[PDB]
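Subsequent text provides structure tokens for two forms of one protein chain, presented individually as structure 1 and structure 2.
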Structure 1
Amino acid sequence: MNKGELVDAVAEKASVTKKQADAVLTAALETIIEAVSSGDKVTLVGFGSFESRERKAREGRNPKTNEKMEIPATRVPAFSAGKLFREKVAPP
């Protein structure tokens, strides 16, 4: 399922137009990105939570030259699945 196919179902479920369903979904996804980036954890009950996970430098290897290198420290987006999400994917 891509964004467009999701919008169709959302516009159907929420009884709104596809242009509206997209505009809201766009806003929702952009806001989650902004919030996480600003170091804020985004929690959505049932579904899950988003946060930034810190990551220190690690050793790596150049596949073309076999030469060892250091992959620099960085910040990554993370996701934790809520109870309802994990239970729909794997019922107790």
Structure 2
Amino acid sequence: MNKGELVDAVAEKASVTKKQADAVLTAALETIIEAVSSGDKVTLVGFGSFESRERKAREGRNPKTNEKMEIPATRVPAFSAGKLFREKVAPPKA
């Protein structure tokens, strides 16, 4: 499923124009990236959460020269799937 296909399904499910599903979806994703980038957590009950995670510096190694090197500290976006998402993907047994 791409963005186009998702819009198709959404426009159908929510009874909005394929434009509007696209309009609202694009703004939603753009907003999530914005909130995460300025360090807010985006929380969507059942689905999951998105946040920025700190990554400390660590050592790597150059595969060409074998030289040890330092990967500097960074931040990365992170997703944690909510309980409904996890259980649809893996229906509980025990």
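If you superpose the two forms and keep the largest set of C-alpha atoms that fall within 1.5 Å, you have the rigid core. By convention here, residues take numbers in order along the sequence of structure 1, the first being 1.
Might you check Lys68, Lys83, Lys19, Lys13 and identify the only one whose CA position changes by 2 Å or more between structures 1 and 2 on rigid-core superposition?
-> So the only displaced C-alpha belongs to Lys68.
How many Å does the Cα of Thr31 travel between structures 1 and 2 when the structures are matched on their rigid core?
-> Reported C-alpha shift between structures 1 and 2: 0.5 Å at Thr31.
Give me the C-alpha shift of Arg58 between structures 1 and 2, core superposed, in Å.
-> For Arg58, the C-alpha ends up 1.1 Å from its position in the other form.
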